[PDB]
Each structure stands twice: as structure tokens, then as C-alpha cells.
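Engineer: My structure is below; once you've seen it, I'll send some questions.
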Amino acid sequence: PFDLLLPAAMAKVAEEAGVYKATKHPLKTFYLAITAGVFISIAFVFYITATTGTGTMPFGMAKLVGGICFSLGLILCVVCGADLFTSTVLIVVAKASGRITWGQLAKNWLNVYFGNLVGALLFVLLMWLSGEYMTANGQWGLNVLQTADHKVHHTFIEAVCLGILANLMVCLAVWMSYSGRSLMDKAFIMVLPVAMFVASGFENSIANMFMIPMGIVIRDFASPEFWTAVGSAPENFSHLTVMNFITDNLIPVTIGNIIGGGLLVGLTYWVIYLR
Amino acid sequence: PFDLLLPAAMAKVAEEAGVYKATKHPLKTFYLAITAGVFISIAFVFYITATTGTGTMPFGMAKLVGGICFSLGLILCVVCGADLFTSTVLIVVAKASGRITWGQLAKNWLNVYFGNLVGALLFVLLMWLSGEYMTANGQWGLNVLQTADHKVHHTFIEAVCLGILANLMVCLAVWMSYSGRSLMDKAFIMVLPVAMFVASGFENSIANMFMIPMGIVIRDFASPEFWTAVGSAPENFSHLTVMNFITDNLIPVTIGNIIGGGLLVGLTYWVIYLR
Amino acid sequence: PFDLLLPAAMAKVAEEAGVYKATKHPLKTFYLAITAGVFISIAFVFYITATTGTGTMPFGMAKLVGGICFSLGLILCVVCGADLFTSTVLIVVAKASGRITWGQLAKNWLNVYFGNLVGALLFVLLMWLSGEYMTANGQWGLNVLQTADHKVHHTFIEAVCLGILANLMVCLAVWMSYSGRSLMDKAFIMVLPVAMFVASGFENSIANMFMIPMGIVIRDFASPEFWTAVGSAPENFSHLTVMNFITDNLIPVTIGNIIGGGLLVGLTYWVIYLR
Amino acid sequence: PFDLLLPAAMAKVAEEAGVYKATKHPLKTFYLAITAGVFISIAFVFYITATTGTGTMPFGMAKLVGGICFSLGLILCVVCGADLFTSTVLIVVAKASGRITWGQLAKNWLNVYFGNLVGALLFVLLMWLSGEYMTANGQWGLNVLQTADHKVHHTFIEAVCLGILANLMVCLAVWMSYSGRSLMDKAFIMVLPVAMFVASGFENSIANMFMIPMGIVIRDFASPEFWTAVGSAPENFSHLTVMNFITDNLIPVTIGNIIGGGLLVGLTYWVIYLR
Amino acid sequence: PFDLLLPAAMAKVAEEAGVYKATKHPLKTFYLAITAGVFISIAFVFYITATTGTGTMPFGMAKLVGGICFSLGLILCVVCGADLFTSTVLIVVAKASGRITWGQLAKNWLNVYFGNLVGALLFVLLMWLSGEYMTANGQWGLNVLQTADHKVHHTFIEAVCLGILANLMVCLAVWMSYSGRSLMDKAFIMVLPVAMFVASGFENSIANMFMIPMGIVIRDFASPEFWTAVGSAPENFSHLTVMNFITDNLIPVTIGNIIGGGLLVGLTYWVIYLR
């Protein structure tokens, strides 16, 4: 009563949440994953808006403010009960406890991944129809294009490790929020961990599902006035391809996400406490 | 007790609030809508004051600070119980639940819209009688004029999508505040979502009801000293017309507001939880 | 229990506080008004200290930081139970409810006004005896002089409307703090509304009771070294006169304060809820 | 329960705390005063570290950040139960109530003053042995020397009034923290009042007990490399003398501290409420 | 209930936590120490990311932001129940109380130290495999190298005193967090004390266990493109050697850590309260 949960109780509520999320109806899970993807896309839009025009600003300060803005998406995911893949990886605790089977875990992960992708694509369509890429004389679109272009230029091991580091922070934020008992203890304990992985540049698969397709759409369908304003051409971002997106980024970053989240946070604390 | 509300309880308190707001007396609803319009105009005044003179400042940082300042209006609307149209669209949850009829919804929406417009006009009159447009050697009035001029230059589909995105954030902030149990959990969970839509540039109909008429009034009745100080002439803002305001902005942004708020937040969560 | 007060309960605690404040002993009211004036003078000293040297800083950011600093005075007034005139105007709710008479209201308002003036003068004497006007090579005194000089150059209608807007924000902050149940919900819900009216430039009579006499004292009794450092002369601020202070500022700003506070916040919510 | 304390209860808990602190064992009081002096020295070290290199930064912003950093010391003093002289002056409430005698008050004040001085000297020794004065190519030591040099150049009446203003803010912060019921309401209500007196330049005797001896030690025992880096010589700070420290600063600032704290905060509220 | 713990209760919960941590199973202690080292490495990564490119920024502001970012690691250690050596030194309270023996204390300290080192090395390997040292055209790696190089250039007495000061702040933050009763009172009371020791430059042994080996790895295995971008050569950091790391830094900083933490915080408060 009125007290923060101790780590053992944190692990037991994590186990219970894993069982609850794994036993939910597939259609409800799909809808919640769509909302989670929409929230993550909202967070990346805030990040891009905040970090626009900060070239003269110091690198660390601008990235820190961008991460503080980006934490809104995962705060929304936690508060609104949406199913985010980075958070659904933590059902490995319930899997190890034996309360859920491997088939339930596989179905939940697939459903949440697909729903997150659908939500990210829907928000990409909305963002493009809004005309946001011409903000600040095209600097918003240029920021989107540069952010997307940088993510497609990583090695397999580098992408895997970046995904491990990103899902480490996301699952640590979720685990810490498990201790909170109010809307504020479950939101303010989650700004710094997310801001770390956003400012550092760690790669999140769900966030990339919004980022890279947005960059591809802007590279393809931008008006010539946008290119004239930004002083660049589409051939400067030729590497922004769907196949390159899925191959150079999606698979390695996703594999790193599983390895980080449900091996370095879920399983380790299950071993420490719930074994 | 002492715990944040779970999403199912959040949806049920949203339904109950919708029924309560739809069954209120029309005169009380009109007065509360007037207060809500006054609060929204207060928020836009804070935004304009904060963002004045930030041309040299980075775009994202200045817009983020402006949004943080702007969140005060919706915080006031939630705390003081005022009826804001962006929030009254969420009575579609109670409509879908069957607790209220279509006539009640239509009457509530019309009354709240009219009251918000009346409150915005009253605060426009107060702001003009205050002489605030000559602050910082006319940079306050110039900021108001530029903000109003930019909003009148959007396509129908772009305005509709911008309104969808704005009401998405507003209704998401309201839905998240439904989880809080104190004045602080119902205020700090609402700064970031509002700051997102303010910094990004998403269009809110109620906020525009204060913004654009203020710009028209300043364009019409400004002293020649103000124009000399700002180095511009009224013909530079010829497009700032009442008919252009209602046609290019009000109808599309309002339609986008309904489509965002009571289709992408209210109905989706009613389907997920209250069906 | 553990929950924020609903607007009806907020209005009833406002009514009860009005009755309690109107029925207090006159000497206790005088002492509390003196403490309130001291707190308001403390807030203006923080504002001046924070905004010193921010000429190169953007206008909005500097004024926002100054308002955040200024909110300390009204936070102190609320927490410590001091009687501030901007807050005592809200006893019009209890007057309309019939719990107090017109004579009690008049006596309370006069006593609180006189006590606030006495406290502001005492803090002016303390500030002058401290030697603070020579801070930053006289930039503190120059900031005080410019702030005082700008306030004496407003029309009657402009001053009345500025006072209306200022007391609107002050009474709205008090009304919102009525909802809070802890020291933090009653302090953080009060920073933004005060910061708005401070950054915008709205005129508060009690704050001006410290500001303008301080400027007059500095204009009169400053050392020639201060004038040499600031590169100005007393004849540059000839308009800073006590008669000009009371006539151009005190009466119109005070009348606007009553019209804002106990007509646009107190009476409107009494009509909505307590009628 | 769950509610902030009303001013009458705040005064009664202040009286009870005064009796408790006055009736404590002298050795425990001495140890707690040593810890309080260490905490105050920690706060001044944070202030110096934060304000180092901020010459190009605006005066008010840099001093505000320095005060926010400095509030940590008094937050530590309140949370950890240390006996700080600025806080022990408030036992005048219990003295006026008759619960403690004059001898107890005198012994408590002397013991706390001596313990604070001993703790400040111990932290001065630790800071010198750490080698911190060579941080940022000697700018840390130069900041310490300038801060110490400015404090030794005040008139008796100016020093007395500055001490009155400083202890006013410190005792007001303590009195406001008496209302809080958790670690957060007793810490966040204390940042702004302390930041005011730090940013403004009001003189605290305990803080000066760390500041000035540190400056004397740096002036005496600095390496010639430090002087070469800072581009100055010890003769530029000849006035930094122990006798000048105790005569020009310690006695007047301390007398102002008593007059502020236990006449303008303690006795006034005892008269208002506890008489 | 709902109230912050008084200092006597703070000391008794510190004693109980010491007994609990000293009586835990060695393998669980090792795993928790590994997680604590990972969290500390995460905090140093945030610090490096935040402070990258802030050469033009004022020294104090940049170091303050870096410390605010760095506080995340110790917040994670407290919330997640990890065993950090700087925190395990406080079991000297339980040792003095007689509840645990000297052998238990020695075994706990050795196990926690070894686990922290293993976790720091694992995160060093992950950081190197991520490729983070090429961020901002090698400015991230240059910041890491400079931070590591500066720490290897301290005298024995200076390193001992810096460790004393660092563990003072860490143990004071832990002791203050013992008073909090929620996730927020146990996190926000811990940002300022950690930020102090990070901004000032006080040396923490566990943090150095991540910092210096990372610098050695970057100095050894960096690509020539990184050196070309940063405009430097490995011979500029020849002193970055493992033997120099353990001799010039590890032993003196660790000894200072024990002397600070479990003599100046644990034993002093045991003497004041628990004797």
C-alpha cells in the first residue's frame, strides 16, 4: 500500500502480464498492436520535429531533447495498454515459468509484429497526406531522409548489437515501470531509459518500421520544389530501398531486439528471482 | 486505491464521462464551452508569447517550448471541467454504447462548437483591447500574423489530415488523463501529447478560431507605427479573410477533428474494450 | 480519498475559503496581507534577477523563465496562507452565495490592499538597503528602471484590460490549486498560469506596488557611479512619479483586477455550479 | 490523511520540531551540525561547478541554474535531519511558546554554529586535497576566488540586509516544507526559494563559512601554474584575509541571519497563529 | 502511512537492507552485481553521448546535463535491486550493529566488486561491437578517449580524495532514497546528488571500470579513418594502459570509495542514531 513494488513483486507482475498478454484474443492483440505502431510512429514524428534544424546545436543536447520527445510513444504504449513487440518479447518470462507454451509465444510475437507494421504504415500514409515533409522549407523532410539513410548503412553484427542495446533499454524501462503504482511513477521512470537509446542511436525495429518507409516515400514522391529547397537530389539517397530496408536493417535489428529483450532482461531476472 | 486505472476502467470512465457530458443542461454546456474557448485562447496567447523572437533559435526547440506552453489550455480544460469540442467528440463512445442518442450527440456538439467560438471571439476582443500586438516592437503582432497566414494556405486533404493528427493527440491526452487519479497525473501526462501537435503544426479547429480572427483583426486595425516597426504592409497578408478562414481551414480542419477524435481514439477503444 | 476534487467540490471549497477569509480577525488579515506583499515582492525580485542581462536572449524564452521564477511568490501565498488581494477578490463567490455581507467584503478588500501595500514598501526598503541595484554593474537596477518605466506608459483601457487578463490567470491558478490535495498538486498546477501573465506582460496591482516604487527609489537615490555604468541619466526616466504611478497604473490595473478575478472566474463558476 | 498541512498545523509542527531540536543531546547536535556544514559545502561546490565558465552566458540564467544546483544542500539538510544554523534559528517559535528556555536556545545555537564551522572546514580540507581548483584550466579556482572576493566587499548595513534576505528565503523554504508529507513535497517546494537567494546574491553565514576559507586557501597555496593559467596573481585578491572574513562578513551576515529567520518568519507566524 | 521516513527509521531500514544484502546467496549476488555493472556502463554511455560536442558549451552546464543523464544508472540500480559496490559499502552499518560478521562483509564486497567488473567488461564488448565510437564523425570516441585519459593522470592522494567525494554523494543519495516511499521519491531525490559528483569530476571505481577499459579498447583497435577524422594518433594516448589503469586509478579510487561511503555516511549515521 502506497509503496513501490520490490523486485520480486516486479518479476511476479511481469510474469502475470506476460501470461495475460499471451492468452488475449488474437483480434484484440492485432488491434492493440496497430495502436502501438501508431504510438511509436507518433514518437518518431515528435523526435524528427524536435531535432529539425539542430545542426548548429551540440550533438548530445539535441539528441537528448529528441529522446525526451520520443519517450512519449512508449509512455503511451504502457498507459494505453497497447501491444508493442519490444514489450511482448518479455513474455519469455512466462514461457520460462511454464504458464504459456511455445505456440502461444510464437503466435503472439507474429501477431504483434504484423500489427505494429500495419500501424506504422497507416501512420506513414497519414503523415504523407498531411504534407509535413515541407516543414521549415523542407528541413523536416531532409531530417527524415538523413535519419532513414543513416540506418541502412550498418553491418550485420553492428545492427544486431544496436538492436540488443535498444531493446535492453526498452525492456528495462518496462521492468522499472512495473514497480510504479500511479500514472506518474509509470511515466517519469521511463523518460531517461528511452532517451538514452534514442540519443545514442540504438536501433528499434518498430521505430524503423515507421522511419525507413517514410524516407522511401519521401525519396520517391517528393516534389521538385522540396529538392530545390533542400539542395539535394533523389540519387543522393539511392540506397533507400525496401529490399535494403528489410535485409540490412529489419532482420538483424529484430534479432538483436529479441536477444536483448528476452535474454538480457526477462530471462536474467527470471533466473535471479522466479527460478 | 492509490493505483492508476487499467485500460478497461479507463474506457468505462470515458463512457461515463460521455454520458454525463451529453446529458448536461444546454445552458451550462454553453457556459462551459465559453470557458473552454477562453482557455484555448489563453494557451495560444502563451504559445505566441513564448515563440516570439525565436527566429534564430532552432526550429524544433522553439516549437517544443511553444507546445509546452500551449499545453496549459487543455490542462485548464480538463481540470476546470470545461467543454472543449476536441474533447466532446469522444462522446461517440457513449453513442456507440447506446447510452445516448444521435440527437443528444448533435445538440452537444453544436452547443460546444458555438460556445467555443464565442469564447474565442471574446478573448480576441480582450487581447485587442489590451494592446498586446505591439509587444517587442511589433514582433508579437508579426508572429500572430505569420501564424495566421500560414494556416490559410493548406489544401483540403492536407487540412483534413492535419486536423485528424491534431485531434488524435488531443483525444489521446484526454484518454491518458482518464487513468490519472490526482491533479498531477492528470496534468503531466498531458504536456507531451499536446506539445507534439503544437510543435509539429497540426491544426486544431478551436485553436484556429482564436488564431485566425486575431490575425484578421491585427491585419485590419493595426496602427501604421506597427507596420513601420515590423517592416511590412497589410497587402502582404491579403489572404487573411473571414471567408477564406471558414472555407480553407474551418470546415476541413473540423471534419478532420471529428474523424481523428471519434474514430481513431473513441471508436477503436470502444471496439477493443467496450464491445 | 487520494483523488483530485471535481469542479463542483472545487467551487464549494472556494466558497468555504471565501467565508473563512471574510470572517477572519482584521489584525490577522492585516498581518497575512503584509506577508503576501512580501512574498509578491520576493517573486518580482526573482523575476528581475532571472531576466537580467537577457537582451540577447530571445524575448519569449527569457520572459518564460522570468515567469517560472515569478510563480514562487504566489506559490508561497497559497502554501503559507497569506492574504493576497488578487486572491481575496474571489470572496465574491461567498458574497453571491449570501454567506457574507457587502460590508465584510469591503472591509476585507481594503485591509488586504493596505497590508499588501505595506509589505511591498517594507520589501522595497529592504531591497534598497541591501544594495542590489548595483548587481551586474548596474544591469539589475537598469532592468528594474526599464520594467517600471514601461508600466507607466499605458492607456486607461489598455491598463484595465491588462489587469483583467492578469487577475484572470491568477484566479484561474488559485481555482485549479483548489483541486489539488498535496503540496505538489497545489504548486505545479500554478507555475504555468502565472508564467503566462508574467511573460505576456499583464499587469498585477500588487506586483506593481513593489515594482514601480522600487523604480522611483532607484531613479531618485542612485549613485552617480550606477548611472555612469548603465550609461543613462535620471532624466531618461522622468515619468517615474508617484502621482503617475497611482493615476496611470494603480487605479486602472486594480479595477481590471476586480473585473477579471471576481467576475470572469468567481461569478461565472458560481453561476455554473453554485447557483 | 493524504492532504497537505494547513498553516496552523504547519506552525504547530514547527513548534514541535523546535522543542525536539532544542532538547536533543549536545553531542548528537554537534555531529548533526557537522553533517549540515558538509552538506552546505557540497551545495556550494555544486554551485561553483555549475557556474564555471558561464561568463558569456546571461547573468540571470547562469545564477538561476547555480541556485537550482545549490538547493541540493538544504534538501539534504532537511531530509537527513541535519542541524543547520539557518534552520535552528526557527527554535525562537518554541522559545516564544515557552516550551524551551533561553539557555537551551543559546546552547543549541552555539553548538550548531560551531559544528557547521567544523564541517565546512573539513570539507574545505577535502576539496583542497582533491585538487579541484585546477578544473577547466583553473577556471574553477578562479570562480571560487572571485566569489570569495566579492563577498568581502560589503558594508555593514548591506551585509546585514543581505543576510536578512537570505535567511528569509531559507526559513520560508523550511516552513513550506513543513507542509509536505512525502520526500517529494519536501524537496520540490524548496528548490525555488533557495534558488532565489543564491541567484540574487544574498549572503548565508554557513555557506560563507565554506566559501571564504576556500578562497583564502586557494589564494595562499595555489601553484604558479594555476596563476599562469588564470592570468592573475595573488596580490589581486589581497583582501581575502581571515580577519576580514570574520569582521566584514561573518558578524554582520550572521546578525542579519538571526534577524531574518527568527523575527520575520518564526516570530511573525507565532504571532499570527500560535499566540 | 503516506509519510516520508524519519532519519531514525531511515537508519533502521539501511541496517535491515545491509543484513539482507549480506545474507543473500553468493550466485544471486554475483548476478545482481553483473546487472549493476551493466547499469553503470549504461549511465556512462548516456553521459558520453550527452556531453559529446559540448566544447563550445559552457563547462558547468554541459557537465550538469551529463550528470543528470548519468543518474539513470544508479536509479536503475536502486529500482531493480542490483548490487553496486558503492552501495554495498553501506553494509558497514549492519557490521557495526553486529548483525553480520566480518567474513560476510568481505565475501559480499569481493563478490559485488567482481560482478561489477564482469558486467562492465561485458558492456564494453557490446559497445565496441556496436560501433558507437564513430558517432558524430568520431567525436564520441574522442570524448571517450579524453575522459579515459584525464582519469589516469591523478596523484594517489588526489585519487583517494576524489573517490571519497564520489562515494559520499552516492551513499548520500542512497540514504536519502531510503526515505522515499514510491518510485518517484526514490528517483528524483537521487538525480542531484549523482549529478554533483559527475559534473564535478569525482571518480567512481565502478564507473571507471567501464570508462578506462573502453578507452583502452578504442585506443588499440580503432580504425585509421577514426584517427583521421578526430585529427589525432594513438601515441597521443600512450598512458592508457591496463597496468596504469589498475595502479594509478583503481586501487586509490576504490580505497577512497570505502573511506567515503562506509565511514562518512554509514558509520557516522550509525553513531548518531543506531548506537
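If you're wondering about the labels, chains in the C-alpha cells are A, B, ... by order shown, residues count from 1 in each chain, ligands from 1 in order shown.
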Which polymer residues have any atom within 7 Å of an atom of region 193-196 of chain C, counting only C-alpha atoms, with same-chain residues fewer than 6 positions away left out, as a PyMOL selection string?

Structural biologist: (chain B and resi 46) or (chain C and resi 64+67-68+71+169-170+173)

Engineer: Please extract the residues of region 86-165 of chain C with a backbone DSSP assignment of alpha helix (DSSP H) and present them as number ranges by chain.

Structural biologist: C: 86-88, 92-97, 102-130, 139-151, 156-165

Engineer: Please find the residues of chain A near chain E - the criterion being any atom within 9 Å, counting only C-alpha atoms - and write them as number ranges by chain.

Structural biologist: A: 1-7, 10, 57-64, 157-162, 164-165, 169, 172, 175-177, 179-181, 184-186, 188-189, 192-193, 195-197, 199-202, 268, 271-273

Engineer: Can you pull out the residues contacting region 109-121 of chain E? Cut-off 12 Å, using only C-alpha atoms, and skip same-chain residues under 5 positions away; I want them as a short mmCIF file (atom, residue, chain, number, x, y, z; two decimals) with C-alpha atoms, in the first residue's frame.

Structural biologist:
```
data_model
loop_
_atom_site.label_atom_id
_atom_site.label_comp_id
_atom_site.auth_asym_id
_atom_site.auth_seq_id
_atom_site.Cartn_x
_atom_site.Cartn_y
_atom_site.Cartn_z
CA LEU A 264 19.24 -9.89 -21.04
CA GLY E 18 22.55 -4.28 4.84
CA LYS E 21 22.22 -7.95 1.18
CA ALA E 22 24.95 -9.57 3.28
CA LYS E 24 21.92 -13.24 0.15
CA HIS E 25 23.15 -16.26 -1.84
CA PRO E 26 26.57 -15.70 -3.49
CA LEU E 27 25.38 -16.62 -7.00
CA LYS E 28 22.38 -14.29 -6.81
CA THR E 29 24.72 -11.57 -5.53
CA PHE E 30 27.08 -12.20 -8.46
CA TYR E 31 24.24 -11.95 -10.99
CA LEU E 32 22.90 -8.76 -9.40
CA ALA E 33 26.41 -7.26 -9.39
CA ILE E 34 26.69 -8.06 -13.10
CA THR E 35 23.41 -6.24 -13.72
CA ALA E 36 24.64 -3.31 -11.60
CA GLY E 37 27.82 -3.06 -13.66
CA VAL E 38 25.74 -3.13 -16.84
CA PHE E 39 23.55 -0.32 -15.47
CA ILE E 40 26.60 1.77 -14.52
CA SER E 41 28.05 1.27 -18.01
CA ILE E 42 24.68 2.35 -19.44
CA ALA E 43 24.87 5.51 -17.33
CA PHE E 44 28.40 6.31 -18.57
CA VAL E 45 27.30 5.71 -22.16
CA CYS E 77 20.48 0.08 -9.58
CA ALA E 82 21.10 -4.60 -8.32
CA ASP E 83 24.17 -4.86 -6.08
CA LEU E 84 26.53 -1.94 -6.68
CA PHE E 85 29.79 -1.79 -4.74
CA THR E 86 29.32 1.90 -3.90
CA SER E 87 26.03 0.83 -2.32
CA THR E 88 27.31 -2.43 -0.79
CA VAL E 89 29.89 -0.48 1.22
CA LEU E 90 26.94 0.68 3.37
CA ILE E 91 26.68 -2.81 4.95
CA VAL E 92 29.21 -1.44 7.42
CA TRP E 102 33.46 -9.57 9.04
CA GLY E 103 33.66 -12.64 6.80
CA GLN E 104 30.20 -11.98 5.38
CA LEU E 126 28.81 -4.84 -26.54
CA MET E 127 29.64 -1.15 -27.04
CA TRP E 128 32.67 -1.98 -29.19
CA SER E 205 35.56 2.90 -9.22
CA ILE E 206 32.69 1.04 -10.89
CA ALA E 207 32.18 3.81 -13.45
CA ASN E 208 35.92 3.83 -14.16
CA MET E 209 35.78 0.04 -14.68
CA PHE E 210 33.70 0.80 -17.78
CA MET E 211 35.31 4.10 -18.75
CA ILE E 212 39.02 3.25 -18.82
CA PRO E 213 38.85 -0.21 -20.50
CA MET E 214 36.61 1.32 -23.17
CA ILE E 216 41.99 1.33 -23.97
CA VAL E 217 39.96 -0.71 -26.46
CA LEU E 250 41.63 1.53 -9.40
CA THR E 254 38.47 2.19 -4.56
CA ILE E 258 35.32 2.66 1.02
CA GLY E 262 31.28 3.36 4.89
#
```

Engineer: Give me the residues near residue 247 (chain C) as a list in words, where near means some atom within 10 Å (using only C-alpha atoms) and where sequence neighbours in that chain fewer than 6 positions away do not count.

Structural biologist: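 Using only C-alpha atoms, the neighbours found are residues 152, 156, 241 and 253 of chain C.
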
Engineer: Grab the CA of residue 237 (chain A) to CA of residue 229 (chain E) distance for me, in Å with one decimal place.

Structural biologist: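 Interatomic distance, CA of residue 237 (chain A) to CA of residue 229 (chain E): 23.1 Å.
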
Engineer: Please determine, counting only C-alpha atoms, which residue among D:221, D:227, D:20, D:270 has the shortest atom-to-atom distance to residue 138 (chain D).

Structural biologist: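 So, comparing all the options, the nearest one is D:227.
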
Engineer: Between CA of residue 168 (chain E) and CA of residue 108 (chain D), what distance in Å does the model show, to one decimal?

Structural biologist: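 Separation between CA of residue 168 (chain E) and CA of residue 108 (chain D): 26.9 Å.
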
Engineer: CA of residue 174 (chain C) and CA of residue 190 (chain C) are how many Å apart?

Structural biologist: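 Interatomic distance, CA of residue 174 (chain C) to CA of residue 190 (chain C): 7.4 Å.
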